[PDB]
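Labels below follow one simple rule: chain letters A, B, ... track the order of the sequence lines, proteins then strands, and each chain is numbered from 1.
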Amino acid sequence: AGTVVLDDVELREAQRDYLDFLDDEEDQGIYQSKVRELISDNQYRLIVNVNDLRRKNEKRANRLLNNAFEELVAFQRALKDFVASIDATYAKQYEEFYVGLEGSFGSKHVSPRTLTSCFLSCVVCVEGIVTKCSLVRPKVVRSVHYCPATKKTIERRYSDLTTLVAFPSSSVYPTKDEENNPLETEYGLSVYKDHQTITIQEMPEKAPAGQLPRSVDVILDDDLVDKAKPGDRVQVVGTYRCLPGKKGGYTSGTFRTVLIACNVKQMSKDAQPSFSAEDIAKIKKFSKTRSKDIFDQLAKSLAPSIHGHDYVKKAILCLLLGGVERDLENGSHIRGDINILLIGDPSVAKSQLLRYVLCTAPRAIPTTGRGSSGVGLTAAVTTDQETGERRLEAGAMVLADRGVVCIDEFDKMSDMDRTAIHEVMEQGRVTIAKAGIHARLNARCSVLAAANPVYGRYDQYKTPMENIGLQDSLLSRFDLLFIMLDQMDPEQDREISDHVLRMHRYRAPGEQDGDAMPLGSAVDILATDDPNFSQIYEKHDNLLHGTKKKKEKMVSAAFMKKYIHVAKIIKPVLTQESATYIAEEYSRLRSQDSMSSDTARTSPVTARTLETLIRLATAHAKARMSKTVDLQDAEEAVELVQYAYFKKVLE
Amino acid sequence: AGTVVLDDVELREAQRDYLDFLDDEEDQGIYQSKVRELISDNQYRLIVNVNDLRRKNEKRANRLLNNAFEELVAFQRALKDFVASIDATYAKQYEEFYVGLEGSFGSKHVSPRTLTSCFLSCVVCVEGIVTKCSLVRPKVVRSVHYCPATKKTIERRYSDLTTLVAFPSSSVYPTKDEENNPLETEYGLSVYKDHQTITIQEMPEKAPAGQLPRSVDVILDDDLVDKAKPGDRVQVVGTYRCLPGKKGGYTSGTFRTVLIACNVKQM
Amino acid sequence: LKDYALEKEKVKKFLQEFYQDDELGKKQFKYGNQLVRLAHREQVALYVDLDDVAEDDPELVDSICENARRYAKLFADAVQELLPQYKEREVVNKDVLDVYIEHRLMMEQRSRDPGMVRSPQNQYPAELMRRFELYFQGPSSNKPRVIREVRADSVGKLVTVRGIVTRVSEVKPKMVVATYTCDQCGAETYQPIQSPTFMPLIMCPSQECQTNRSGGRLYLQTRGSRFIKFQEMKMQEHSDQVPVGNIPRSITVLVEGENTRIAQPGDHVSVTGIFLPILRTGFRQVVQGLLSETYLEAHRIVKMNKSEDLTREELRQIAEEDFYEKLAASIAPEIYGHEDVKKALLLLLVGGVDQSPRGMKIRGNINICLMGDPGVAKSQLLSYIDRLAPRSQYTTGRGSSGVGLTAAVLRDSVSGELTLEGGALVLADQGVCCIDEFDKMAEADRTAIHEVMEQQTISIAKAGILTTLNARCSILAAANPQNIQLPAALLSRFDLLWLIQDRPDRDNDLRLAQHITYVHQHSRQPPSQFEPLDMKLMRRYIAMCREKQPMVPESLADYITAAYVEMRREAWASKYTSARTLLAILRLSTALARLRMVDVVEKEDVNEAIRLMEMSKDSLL
Amino acid sequence: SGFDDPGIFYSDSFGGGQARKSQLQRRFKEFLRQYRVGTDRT
Amino acid sequence: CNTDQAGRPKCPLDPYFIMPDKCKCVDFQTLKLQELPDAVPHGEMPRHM
Amino acid sequence: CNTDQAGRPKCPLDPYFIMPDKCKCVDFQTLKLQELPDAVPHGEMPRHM
DNA sequence: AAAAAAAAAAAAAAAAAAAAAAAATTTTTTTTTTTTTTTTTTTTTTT
DNA sequence: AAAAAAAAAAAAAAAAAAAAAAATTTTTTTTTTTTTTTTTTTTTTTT
Ligand SMILES: Nc1ncnc2c1ncn2[C@@H]1O[C@H](COP(=O)(O)OP(=O)(O)O)[C@@H](O)[C@H]1O
Ligand SMILES: Nc1ncnc2c1ncn2[C@@H]1O[C@H](COP(=O)(O)OP(=O)(O)O)[C@@H](O)[C@H]1O
Ligand SMILES: [Mg+2]
Ligand SMILES: [Mg+2]
Ligand SMILES: [Zn+2]
């Protein structure tokens, strides 16, 4: 055999401390519950909060952070022992239970640039964007061979010597028996582990301006291989180590470094929100007690900082809630995504509304008229340059799939790009193809666009068709088109100015002392935890300088986010009464005689107008948590479309 | 970890047959009684009659007498399993149990003059007169080491490769830790087995008068070391094998043959 | 562990004593008859159905699904052992490899010496003398997996996936057993190839040369060797099964033997096979370990869900005179109205008869261009036709442009050569190419489409490519607006240019709104007198029509000429018509006759063709 | 597919002044088989 | 191999493998420096270090 | 070790140890033949072989 | 709105910096064993 | 019974064969990374 340790004092102490920490039963069983949850979910990787670990035993936390491999092995042994104690069969099912880390890393939290050799063999939490990924390959961790000549069955094991001294003996795949009998490998019986290599680059918006970006190579293994794709703003918690070179004889002293990832995370904004019992109870209470005016309350509480534009705010809320897709048995599809175009006079806060949607709605992609040009906007087809094979790169729409694309300077956008996105706006999919590849990417995103009317400022004395240079083909697929006019009414100016000045004079309680400048400079960002991958919530915003007073509260941002997320899943069904009402209203709307004279249509009326009527009714039902599209929902939809589709020509 | 064996048909059959042969309650009970006797006497070697083994199972007898090493390994595994079944607490005391043979060996009963190449790896019974009897030296089979710097304790295991190919890594005695700390060997915790080498000569009366004597070298491991002294007439039963030479890019066909005694009995 | 001799006996027992009533209710030895066939060398591929196996031995099915390669070899060896006792006569030596096998067996018998024991390596390899191949058909209880989810945890298992075929190499000979002949003795040497590469042998290990201690240099040659039809394809996930924001994932499928030439790029396929690795040595492995590729070895390829490769009920349905209208109304039942448009689309899906009079082809394809205002369901119609037609490529404005419509050149991997990969038009070579936003499509793309319409080919004379492609597709363009935009370029080419103007109207708009709202209520069109045909039935009927070439009797010659002359006079008097319009008449009438499933076109077909043409023409006004 | 390695199989030497060593071995074999001692009488 | 052999077969010819875990590594950067444009003679390509 | 193709990392120089138990051994003996005393010439020594 | 010019990109070809792979018996030493010689010790023969 | 001569025993020194031990970096390849270039294609400007 060989050397076998008997009394490793450090290993015994580490195992004891980690098992004590994982007991947690007296410590409100946080990690007991986590272990039980992973057992039920059939997972074999425990994510541990380093902050809790440090609180329990700062010594163990420091030892783990500064000595990665040894302490991680001890932690995994303790986790396997705990899993066996809770349930032995599962522990025997899974050979090794891995431990990934999470929380606030004081100094270990770095970027690919600040990640220097001082962090070798330490636990580092590096932020960045995945520049490239590799195919998921299986590495044999235990091979099984059968010898026909002797009917024997052997099993060879290969250890994970990724960042350890490896010799030819350990990495030789048997191909003969001791008597030179050919073997045959039993692939089914053999054990493989999935392995992938990615590249994390410093975020361009974080990198020093004008310099080339700093990268790092990351190794992912079983249960972490496909946690990211190129262009993902990922946080990788791992162990930084030097990769061994090939058996040489002369060494230059240069060692490639790599990050053995122990955990991968995406932007927490798109993550599944945590709904506690009290939170769901509050949502139930809100929906039940207030249903008649809940949609109006949410619409008015949507963007507190932007005054007026009540109809536009309601339309934006409908866009956020979305409709419901129709998946017909014969494959025909109907989008449930509302498209909104805000056009009007300069300085009407349309860009502010788009920015608010970007900040709030999950999977919201900003874009500018000329910022994205075709292949950048939709998907693109390139070549690997190393394999000679075609490859697909997701554009803004694809990345915004099941989300929102907030486009600004839509008018400035070239006609080619608008023609290209025509398909996305209605079918919600991108159809690209080159000679060696063809795909139909899913882009189920709602387009919220902003534009400036021709002549810079809206012309009250010209038809909306002439004011808007967008042709009918592109106008139709916009479900709602709102003309936001900078009317010069003295009273509206009074209200707007009062709101703006109040918002400017507001200061955040506690953090601001009356003279602080909150800007930081490229260091505090890494010093403190990133508020982009981080881990009690009220319902109505407490009175503050934002508003003076009234008998109508304003919904909290977090509560509104949770409520919208819950309500978006609802798929209210269209009732016969609402269906008949919508059909008759669509007939009347299409019949031009209904609308008065001196009134010009913003956009043409079409079957798509009917479809957006249905979608708006569905969105109102979702807001109400109704589960059925009712007469009030149909009324609100018809009201909104009637307001949006007609504008009075002044003279 | 390396190439372990998952299932082995021949080894499983051999161990099952030997365990069946050793388990005697539906039969007379001779060998169950013998195992109980050795348990009572605190020994770790059982003398199994080749005649009884041939009577109960001809195939196992032929296999044991023609390919002794692995067959004796299987027999000793079965013996340890049976001793554990009778009483596990005693079976835990001794790492391994040994199977000596006795009885009648048809063509495997030879003199040192008749012990030729044909009997290599077979079980043979040789009766002769002891000429040389070396000292009983301890041979370390498991060495315990202590690192004063790191307070660690280590165990190094050396396989009994007397007749198997041995590589230096197997026999490297450790002296320094991973980071070159000094290691002190703990003699009180290491494990050593008595080892001796003797020579068995063709009996002067039975040898041909005209010609010079013929002798054979015999290795006696623990429990068989001080059983014989020079001038004694003894019967040694064991495996006749070839001893590996030493590492070298050149070799003559010559090999040094010995007899690893599995039992020694007085004339 | 398991005893593979016992497993071989189990598979022999199953293969011999499994029976089914498939043959017209009569009990049959499903696999026994196949064994007889391929022992006579009348069949090559033996597809063992794991549902059949599980019918009596579920544990064997589980073991196969866990170690499919091992049991694949067990089944193949069992078949090979059973063949001699099922042979009932002498084969006719249909193949040179059969000649080689006959000679090898005869010479082995001649030098048998039955009692003698020959060395384990002094024998013909199994693969060298098979002439058959055993594949599986995955058990129906195994839910198909997603290419993304097929990972290292299921290597060596038997799994089935479904997806779109993107890239498919050609069929080329892959060495399976390399045969060498010595220059001293006169024996043969056999190297069974398993790795992607092999190092040819140099010295002959035959007994005669070993005894002679002579040179014994052996010569690799293809004559006595054993090749197998080989192909390598890329299979792409389906759009509906891709995650939210990701792109579809690809898998490599290695097809061998008789599974070749089944799938072609653009096909929707389901492939069942074993997930196996390829050793990845040769590179400067950055990370230590035995890393390997991954691939699916094709055991069962089945085109499904768009291009799947009769009954008294369907015969009666065809015999019904309103079958034409039934199919038309079934085309996109959700879309309200557009009855004549849907009838034209059905005529497109059917197509006319191809003509080859004295060295020039008058193609029978039908070209239709849907001009219309926004929101008149042109895109929906084109998407539905794409889902319905067998070989359909739906190309939007510019995502698939240039080489997205025409072929390009890409480096290969099996040969490292430059292979010509087809574009959308070639992928729809003999089907339907639904072009959307044809007006906004690029100029080069529009010229390519014009050329394919006029010739069914695509000539290219660029730098890296110089070829004359073949794209015999029918163009279904959907442009938007001489009204306001009615190019003579489109008029002169499209056989049916339809204008779809939606003037507001209380009654029609209300009916359409009720249709739409019921559709959104029940995920289906409002119930009608006639239930619309399922896509499978529509495809079956259309395919049966396609092979029903009706001819034009000389009696209708004067009728057609009179109609054409009358249309010419009307067009001349009014404020476009030509021989292209006449050929449109001819092929529309032929397609209507084909729809009726007769051999001779009739005045009713001619009248319907003229009626549709006049509806299209006066849609302009 | 690049993991296993079967041996190299071979067949018999069908077909085909110094005499080859195989020929001389065949002649030795025939000498052993077909050396006759005695007489028809005995 | 330095190890004081105990009479066993000696270790192989090239027995040493780097232990990347047991190494002390430091940052190291390579820069390109160019002759200042003013310092360059009139007709002369800049020097590099 | 000619079987280095099973893995890129290479085996040492002079790597082979003879396995004793896998040896087909035979009996061999050495004898000292001396010329016949009646063959040795009168004044001479007995030759050996 | 169409044609021409500009550039922008994609892909393919080419040339170094670093790392990785390939190739490799002969001379001398020592240990054991065996034999020869010297002296001491023991044995045997003669007085 | 003792002394003298013979022979044996014990012990030490020397020689021959055979198994063991010691010594043993340079040169070439080649892969990856970077840059260069030719053509196709796309965008912008002008009439
Ligand atoms: N109704 C309003 N209430 C509050 N602020 C407004 C309003 N309209 C315009 N603004 C202010 O105008 C500024 C810029 O408007 P912007 O979002 O750029 O609109 P646009 O995109 O039309 O230029 C914002 O800081 C915003 O506060
Ligand atoms: N005649 C119709 N019947 C049913 N639905 C229609 C009809 N016309 C338009 N629609 C609906 O209006 C939407 C827009 O149709 P689309 O296919 O984009 O028209 P276009 O081809 O003119 O762009 C689709 O969701 C479709 O379901
Ligand atoms: Mg703006
Ligand atoms: Mg369209
Ligand atoms: Zn030969």
Side-chain angles (χ1 to χ4, degrees), chain C residues 69 103-104 106-108 110-113 118-128 177-182 184-198 201 203-214 218 224 254 276-282 290 292-293 295 297, chain D:
Chain C
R69 199 76 187 277
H103 286 203
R104 285 166 179 163
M106 109 179 182
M107 210 63 80
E108 197 193 30
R110 187 171 300 180
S111 186
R112 188 84 275 178
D113 299 334
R118 48 177 68 240
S119 58
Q121 265 70 246
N122 183 7
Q123 49 166 359
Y124 304 140
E127 295 82 354
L128 181 66
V177 175
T179 291
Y180 314 73
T181 60
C182 179
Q184 287 301 147
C185 62
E188 288 187 352
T189 309
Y190 313 115
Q191 186 184 6
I193 312 309
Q194 305 248 344
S195 307
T197 57
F198 70 91
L201 295 328
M203 289 292 154
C204 146
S206 60
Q207 262 293 132
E208 179 158 55
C209 278
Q210 214 65 10
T211 291
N212 266 280
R213 280 274 65 192
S214 58
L218 37 60
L254 293 172
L276 298 172
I278 304 180
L279 195 278
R280 194 197 175 85
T281 186
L290 285 162
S292 51
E293 302 284 18
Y295 75 100
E297 56 169 359
Chain D
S1 74
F3 288 88
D4 292 353
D5 170 70
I8 302 303
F9 304 79
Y10 52 101
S11 72
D12 303 324
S13 172
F14 42 69
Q18 296 173 330
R20 277 129 68 88
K21 282 163 68 172
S22 289
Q23 297 175 217
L24 300 187
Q25 167 163 320
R26 227 187 314 283
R27 286 157 67 172
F28 279 119
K29 190 181 184 174
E30 101 185 357
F31 157 78
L32 266 44
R33 292 198 67 71
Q34 308 296 342
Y35 186 76
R36 216 167 55 189
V37 63
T39 48
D40 55 331
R41 183 61 44 72
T42 58

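Looking at C:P120 and D:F9, their side chains never come closer than 4.5 Å, going by heavy atoms from C-beta outward. Looking at heavy atoms from C-beta onward, D:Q25 lies in side-chain contact with C:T211 at the 4.5 angstrom threshold. Side-chain contact check for D:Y10 versus C:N122: some heavy-atom pair is nearer than 4.5 Å. Under the 4.5 Å side-chain criterion, counting only non-hydrogen atoms from C-beta, D:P6 is in contact with C:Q194.
Annotation: maximal heavy-atom pairing with chain D below 4.5 Å, among C:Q123, C:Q210, C:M107, occurs at C:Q123. Interface summary for chain C: among D:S13, D:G16, D:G7, the most heavy-atom pairs under 4.5 angstrom belong to D:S13.
Counted within 6.0 Å of CZ on D:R27, heavy atoms from surrounding residues, nucleotides or ligands total 12 or fewer; the atom is thus considered open.
Heavy atoms of C:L276 lying under 4.5 Å from chain D are absent altogether. Residue contact with chain D, scored on non-hydrogen atoms closer than 4.5 Å, is absent for C:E127. When heavy atoms are compared at a cutoff of 4.5 Å, C:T197 does not approach chain D at all. Neither the backbone nor the side chain of C:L290 comes within less than 4.5 Å of any heavy atom in chain D. Of the two parts of C:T281, neither the backbone nor the side chain holds a non-hydrogen atom closer than 4.5 Å to a non-hydrogen atom of chain D.
In this structure, the side chain of D:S1 does not engage the main chain of C:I278 through any donor-acceptor pair within 3.5 Å.
Nearest heavy atom pair, residue C:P205 against residue D:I8, reads CG-CG2, 4.3 Å. What you find for C:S195 and D:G2 is that their closest heavy atoms are OG-CA, 3.2 Å. The minimum heavy-atom distance linking C:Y124 with D:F14 is given by the pair OH-CE2, 4.1 Å. Among all heavy-atom pairs drawn from C:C185 and D:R20, the shortest one is CA-NH2, 4.2 Å.
Between C:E208 atom CD and D:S22 atom OG the span is 4.5 Å, to the nearest 0.5 Å.
Using a cutoff of 4.0 Å between basic side-chain nitrogens and carboxylate oxygens, C:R118 and D:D12 are scored as salt-bridged.
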